[PDB]
Amino acid sequence: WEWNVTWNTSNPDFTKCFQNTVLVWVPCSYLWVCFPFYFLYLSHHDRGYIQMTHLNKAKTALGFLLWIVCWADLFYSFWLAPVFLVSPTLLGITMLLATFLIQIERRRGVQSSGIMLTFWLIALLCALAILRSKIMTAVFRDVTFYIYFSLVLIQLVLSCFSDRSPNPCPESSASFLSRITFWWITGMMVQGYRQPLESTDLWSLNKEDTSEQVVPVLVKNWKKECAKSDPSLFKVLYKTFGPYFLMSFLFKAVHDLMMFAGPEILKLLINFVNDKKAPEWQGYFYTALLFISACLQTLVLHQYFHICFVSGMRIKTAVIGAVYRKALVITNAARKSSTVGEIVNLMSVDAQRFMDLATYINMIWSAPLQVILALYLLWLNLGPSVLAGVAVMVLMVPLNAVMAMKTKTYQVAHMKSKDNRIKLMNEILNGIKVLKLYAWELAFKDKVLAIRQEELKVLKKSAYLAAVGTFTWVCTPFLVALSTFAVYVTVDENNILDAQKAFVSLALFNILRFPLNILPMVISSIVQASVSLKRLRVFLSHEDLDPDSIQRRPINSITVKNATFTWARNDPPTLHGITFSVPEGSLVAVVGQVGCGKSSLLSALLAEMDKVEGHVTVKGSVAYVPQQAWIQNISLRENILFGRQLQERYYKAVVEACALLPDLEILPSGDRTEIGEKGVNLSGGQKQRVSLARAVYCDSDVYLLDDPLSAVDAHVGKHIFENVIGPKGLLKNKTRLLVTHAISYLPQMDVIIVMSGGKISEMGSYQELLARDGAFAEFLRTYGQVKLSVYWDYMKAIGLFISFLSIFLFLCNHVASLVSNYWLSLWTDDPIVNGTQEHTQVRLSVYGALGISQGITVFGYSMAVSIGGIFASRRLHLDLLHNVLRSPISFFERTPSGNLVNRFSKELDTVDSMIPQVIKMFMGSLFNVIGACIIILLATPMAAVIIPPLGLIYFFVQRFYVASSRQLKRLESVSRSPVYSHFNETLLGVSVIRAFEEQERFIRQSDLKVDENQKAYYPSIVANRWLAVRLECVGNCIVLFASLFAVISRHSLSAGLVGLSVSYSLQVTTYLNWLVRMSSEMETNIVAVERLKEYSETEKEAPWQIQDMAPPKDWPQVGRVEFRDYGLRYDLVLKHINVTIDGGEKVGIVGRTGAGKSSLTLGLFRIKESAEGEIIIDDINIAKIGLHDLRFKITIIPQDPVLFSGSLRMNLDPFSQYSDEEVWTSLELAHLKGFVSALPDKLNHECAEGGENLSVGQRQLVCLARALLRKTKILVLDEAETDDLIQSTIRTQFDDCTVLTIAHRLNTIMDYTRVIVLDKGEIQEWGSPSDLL
Ligand SMILES: COc1ccc(CCN(C)CCC[C@@](C#N)(c2ccc(OC)c(OC)c2)C(C)C)cc1OC
Ligand SMILES: N[C@@H](CCC(=O)N[C@@H](CS)C(=O)NCC(=O)O)C(=O)O
């Protein structure tokens, strides 16, 4: 080895000894160090054995022949040089290890082989080097090498094909090349462009990713760790997911080391360029090396991502699964400790935090390592001056720190300021009819605007924080570079800033940019994950229930002796010393007062109570009808079935026996209707009916009916007891325990267990208990792509001047950056007078001025983008609110309130917060790519020949990502929420799930939900890997071509130009894929603006204020109403209505269900436009008057008064127009003075959502107080305990005003003269009640 023939000549030939020693030791050596390690994977991971195929044999036979050929050399050598003995034998032995390895890989089920691929690639390269040397030298031993090389090449080609297997995910059967390049998703991508992606096209999860495989291992590990007893969830997580984290650590270390090869090869290239008389091949070598290294880096890095992402995926699944399982075992006290919302948060935000932390968790050690290595390299280049740059990095430690903290604070406040608003919006939509009737649209618009501006103040304050953060991501490279260069050129004048010591350092600064700024974000995520992990450990350490506590003996039916139960370990017993024996097929009624311990008995028989002592021996399956009915959001049929085979005869015998036939009839789809909170709401009695029907269908032997007939009416209850619970019903032979407080069915009960204060008190049969005359007698005596129009709409909303100013400013940003780097290039070309440069001070001052301009410009650009973001959020929210409030009630009843809450919450969150960040990051990446291309073209114009093809590839890749990822990011969004919804419903009915022993069914359903979510999410991140590989293969191609065209034109190119072009090419690699990632996020985000602007063109109400034909101040002079041929369209509910209600004449409206009674009120307030009618009050037409005017001059007391959150005064007078004396007088006149004076807050009593704290009677009287305070001559009443009071009050002082009354009760209407009867919209009778009879 000497430089004359290897380095300093125009023919870069390796020496003969080097060829025969190191080039052969490299590949053989690779297999020798990997072989042992590879048994670990081959053994721990198995998939069966592959069959006997031609490919596998072809590879094995060539391995045998290759070994022979290599040993044939030893034979000829045996037939002087020491290397002619050891090298052939070593090659033969490693070759014998290669063929044995494909053999064992066949045995262990490895279709492709990465180890048997990289090894052949390394051998091929070594053979290629020797080959070129041997063909340049020119029979005896050469022909053996040609045979060796041809066999190695054919072996390498064979090793690429994937063997036979021993919508499945293609990753399982993908080859090594397809796995590293992520080609197995490519087809999906093109599919995602050709046709829309549904959940049916998503591949089945890998077996190792399915919930039923990951959750168990975590469950067993956690049980083992908690059995060893303080529990540590971190150790459990480590023990479960260690291999993935270690693999990610290895890949991140490799990437860390390989990303700094770029600057070293750039330094070598700059030395090559500035030094002429150097062999040209050295140049083309360096570029090639750089490209190769870069390629390797990206591959490694993306593998490092995949594992991490996969790991996070698995972790999320495990956590969710574990939580679900823990939800089914925890005692009642433990669930009372943490609210249902907090457990759902454990499922959602903690798991999401873990999965999104796993992406950058490894930077907690990579970033310090990257920083230390980069500082070492800079110290090699610059010297001690690098310390100054370190100072800037140190100066970036606190700022980022406080920045992070401040952001969190703002975010938290933002969250709060949003939640209230959403709650208020939830009150506006649920109660919009009342607001329209009372014309309170403007008041609640003002309230929502106030809360929104409170949120916008926090958003504006966080705009500055985000601008500071953007600055620390754009000027961190220059902030370090300017300091280091200034110190370097100032401390000693002999320090020359050549291209090697400037642009290599600049590339190092660009590298240092990421780790420095991501370390604070990683720390913040680690703290936010520490709190979530503490919550997860708190939940998973909660006490477990003992099914053993209750003896569940398969088929004296229920046995309890001396059993005392508790609701908590330290709380006193609720059931003291209970004993009773319920025989098989007997009806037992629990009897007591409120708080006696009746429901506690049924809870204790289900192992829900904490048994401090006793013995319970419930025999056979138990069907529980809880007091609070638990309804699944599935259809009513599946609610009754409860995951059981449908039997048409048994189902149709159960449904009517519960008297569910009328309920089925009223419901739209029958029994297929979607009952539950999300679907159609059901009355309490109907919910009890569904619960009882589910229990009866379940066909258990023991039934625990905790007050099944509380909410059903007396006739319905008696019918139910006759056909279901009674001795002649459906459950005649079933052991039925019924908790009741109704005597009507007591004599039919076989055994009555009457108790008092949680103690058995003389149980017995009804007649015997009555004869005894004791406790029971006492008890009885008790009583496509988004269009550019939406982008332009956001541009208009963001502020046209703001948008164009931001574009111009950030153009100045990138122009300043490019000019600063070109100025540095000119500075590096400066001649050196003696040991000093010509003009260093001037160039340094210009560099600093350009950089300070760039810093203030990025500050201003981020500031302006965020300011425009808050501007657009304000305008879009205001327009959405105005459109929603001005829209008719028909729109509200048509569109589900879920979509309106979606608009007001998630679209607003996307528009106001993350759209501006997406815009900033996308613009930055796009112009970084543009500037890199501009610099490459300026340095090497010929490189334009690479612009089309690569660009074409980019375009193609972009398309195949943008069309596909969105579809995968939509299917994720629709699949994540069901997982928590299911959990929430499970959390609500844990007792029902336990009682019916259907825990495994719900566990499997949760597994399926999480599996669907992961089937949506895994392609989402694999698509990111695929796009990143594709585009960092283009940016690597950009690096190679810029480097190659700089080497080709090295004579006309200065070293500074080469360094500048190569550094910008290095950074465009990272910037290019993020450009497309951001573009996809922008496309997904602008659909939010589209959704916000949807109701802007829908049909709106008539104008609230006309102001051309406004009525006088006293519009209802006497209150003379005249329906002149009124016809309401919603074929005609109201038709042929010609009636006249005189001023101050009491008139009521009577009719059956389906008549136009209520619709008539909607005619008065113009809720629905008159299809044909001329309602005129006094001498003024209603249709001509603006809505607000008439809605203010007419008052309505609806069926259910809607009390809004806030003070009572804001309920009575939202506008605060009426004085306090008027409010007090109206409240006194509403029989409410005594109560309203009782609240400590006086008139400012904070009533909750819907007035839950207030009683129904009080809310009704508050609505009456509203009507009385309005002091209008026309009043409408909608009648359904306090009836005597409200009727008297409406008959007390409103005799002066004209009152219409729609009452379902004839008793009240009889008092009112001039009754109007509506049969089917027609006026059946028009006259006084005296003429009625
Ligand atoms: C590409 O230019 C920019 C990059 C980042 C920023 C700051 C935006 N901040 C929210 C920080 C983003 C941080 C981050 C993300 N997401 C990021 C995005 C894009 C990046 O450049 C390709 C990046 O590397 C510098 C980091 C990390 C966490 C992956 C502004 C930029 O320009 C205005
Ligand atoms: N050179 C950086 C690259 C890290 C990187 O790619 N950053 C962002 C994108 S520029 C990322 O992690 N991407 C996550 C994703 O795939 O969504 C390093 O030090 O790892």
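The first residue you see is number 1, and the count goes up from there.
For all residues, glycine too, the Cβ spot is worked out from N, Cα and C.
Per Swiss-Prot, the annotated N-linked glycosylation site among residues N681, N834 corresponds to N834.
When the topology recorded in Swiss-Prot is consulted, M355 and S977 turn out to share a side of the membrane.
Among the ranges 738-758, 1032-1052, the one that Swiss-Prot lists as transmembrane segment is 1032-1052. When the ranges 434-454, 623-643, 644-664, 854-874 are checked against Swiss-Prot, the one recorded as transmembrane segment is 854-874. For the topological domain 'Cytoplasmic' (40-59), the DSSP counts in helix, strand and coil order read 11 helix, 0 strand, 9 coil. Geometry remark: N4 (N-linked glycosylation site) versus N834 (N-linked glycosylation site), CA distance 33 Å. Between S229 and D230, the deposited model skips 41 residues, and the Cα atoms of these two flanking residues are 6 Å apart. Taking the Cα of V594 (ATP 1 binding site) as the reference point, the closest of the recorded positions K423, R1152, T1153, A1155, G1156 is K423. Closest to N834 (N-linked glycosylation site) in space, going by CA atoms and restricting to the recorded positions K423, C596, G597, is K423. Counting Cβ pairs under 8 Å that are 6 or more residues apart, the transmembrane segment (796-816) and the transmembrane segment (385-405) reach fewer than 3 and are not in contact. If you take the Cα of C596 (ATP 1 binding site) and the Cα of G1154 (ATP 2 binding site), they are about 45 angstrom apart, rounded to a whole number. When the Cα of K423 (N6-succinyllysine) is compared against those of the binding-site residues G592, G597, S599, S1158, the shortest separation belongs to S1158. Outside the transmembrane segment (361-381), and at least 6 residues removed from its termini, the chain residues within Cβ reach (under 8 Å) are 245, 248-249, 252-253, 256-257, 259-260, 263-264, 267, 304, 308, 389-390, 393, 484, 500-501, 504-505, 508-509, 511-512, 514-516, 518-519, 522-523, 525-526. Counting 85 residues missing between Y783 and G784, the deposited model places the Cα atoms of those two residues 68 Å apart. Within the same chain, residues 371, 375, 378-379, 465, 468-469, 472, 476, 479-481, 483-488, 491, 495, 509, 512, 516-517, 520-521, 523-524 sit at least 6 positions outside the transmembrane segment (385-405) and bring their C-beta atoms closer than 8 Å to a C-beta of that stretch.
Within 10 Å of the C-beta of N4 (N-linked glycosylation site) there are 8 other C-beta atoms, taking all protein chains into account. Across the topological domain 'Extracellular' (258-283), DSSP assigns 20 helix, 0 strand, 6 coil.
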